[PDB]
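Presented below is the structure to which this report refers.
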There are 2 protein chains.
Amino acid sequence: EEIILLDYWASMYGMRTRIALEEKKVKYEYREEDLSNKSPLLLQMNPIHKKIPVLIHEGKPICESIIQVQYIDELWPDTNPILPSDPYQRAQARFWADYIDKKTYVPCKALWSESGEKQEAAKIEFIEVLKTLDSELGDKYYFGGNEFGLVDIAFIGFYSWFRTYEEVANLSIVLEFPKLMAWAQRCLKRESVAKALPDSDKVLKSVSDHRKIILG
Amino acid sequence: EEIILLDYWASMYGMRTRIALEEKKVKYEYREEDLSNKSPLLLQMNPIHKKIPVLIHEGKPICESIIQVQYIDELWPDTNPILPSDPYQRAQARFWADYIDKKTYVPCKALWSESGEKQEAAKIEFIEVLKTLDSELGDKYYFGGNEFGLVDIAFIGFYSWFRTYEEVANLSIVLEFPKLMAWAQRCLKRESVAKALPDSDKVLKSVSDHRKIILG
Ligand SMILES: [Mg+2]
Ligand SMILES: [Mg+2]
């Protein structure tokens, strides 16, 4: 139970680790990091990347959200198992989490922080992700099949940003991807997800205010 | 034993999967892909990224080299185990493999394919990787500690390119990082590594000829 999570409230990546901890019914200390004034603990525990989320367990750091989720799953594998038991299914889940990380590394920032050609580039990339994930989900209840799993955790945090993407990047998500909206609604019925995701209007307000200040 | 590996002889990433298969004493079919004329099988099995290496097991694809290595380890966990048994050690091994992938994604190409400012940028990034990995290795025999492990597999393929990096990018590796040279020599004593890594002079000749043709 000796766990600290250094995180940023609106981080879709940190939300993954918040969800995994709640899935295991783990009590932990959440600490909010100021992204423009990172704590001494954060820089000490994540000297390589200096980024949130940072999971600290018995004073030892675990970095990278998908690696944190797997560490939590391996620590408590019998309570709400996150990864599949089958090796091949496991590899597919890791592949799609990796896909999300690779393809959202830039858009996660440029979608709200840029304009013009750099924001258009990010819009194109993110729409491609939504289409690809929508096709991979198909007609299943979850990316994990019949049960909520690793890939669901890997993407559900982005739902809290859909409203922001539609408004600051002139994207159409809710009306174009009803299967993803329905999937998000299924996931939100889990207490872990409901606790982890911030209000989407709060996200938008925060991002708009920041946007409007840094670029007019 | 029903395994096909679609790979490129000089791919340091594909070398990881070659090593993992040999570590498990698995007989498999290796197929060489022409990177400028990718096979129909490759595009079929890896439609998302269209890149090697692609591992095909009972006709099902597994993409991304570090994910392939873990899949092979989980299929045959008792023969030459690659990942640690301890969850925390496991997370650290995954973190350093992820670090290597993230920081070499661009240099793996720009170091030999570019010149001027883009090659200098890649040189700076790769030197930072070598320094960081050298510090993480410390005085241990392997990145995995007392035994060859995931991070060793994740980086040992780059040794076959050290000569190329020194010659085409005017880097100094062998004389600046004796601990990494000694580590590489330890790893090369394993049959899996000796079989997987191509001759470093053959790599250089191939890369120089390609370089000299595409840019004078
Ligand atoms: Mg499951
Ligand atoms: Mg080991």
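Quick note on labels: first sequence line is chain A, next is B, and so on, each numbered from 1.
Taking CH2 of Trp96(B) as the start and CD of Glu64(A) as the end, the distance is 11.0 Å to the nearest 0.5 Å. Between the NZ atom in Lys102(A) and the CD1 atom in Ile48(B) there is a gap of 12.5 Å [rounded to 0.5 Å]. Put simply, CD1 on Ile67(A) and CZ on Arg90(B) are 12.5 Å apart, with the number rounded to the nearest 0.5 Å. Put simply, CG on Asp101(A) and CG on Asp101(B) are 12.0 Å apart, with the number rounded to the nearest 0.5 Å.
Contact detail for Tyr71(B) and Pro87(A): the closest heavy-atom pair is CD1-O, 3.6 Å.
Here the side chain of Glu74(A) pairs no donor or acceptor atom with the backbone of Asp86(B) at under 3.5 angstrom.
Heavy atoms closer than 4.5 Å to chain A are found in both the backbone and the side chain of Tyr88(B). The parts of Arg94(B) that come within reach of chain A are both its backbone and its side chain, each placing non-hydrogen atoms under 4.5 angstrom from that chain.
Heavy atoms of other residues, nucleotides or ligands lying less than 6.0 angstrom from NZ of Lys179(B) number more than 12. Counting heavy-atom neighbours within 6.0 Å of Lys60(A) NZ, excluding the residue itself, gives a total above 12.
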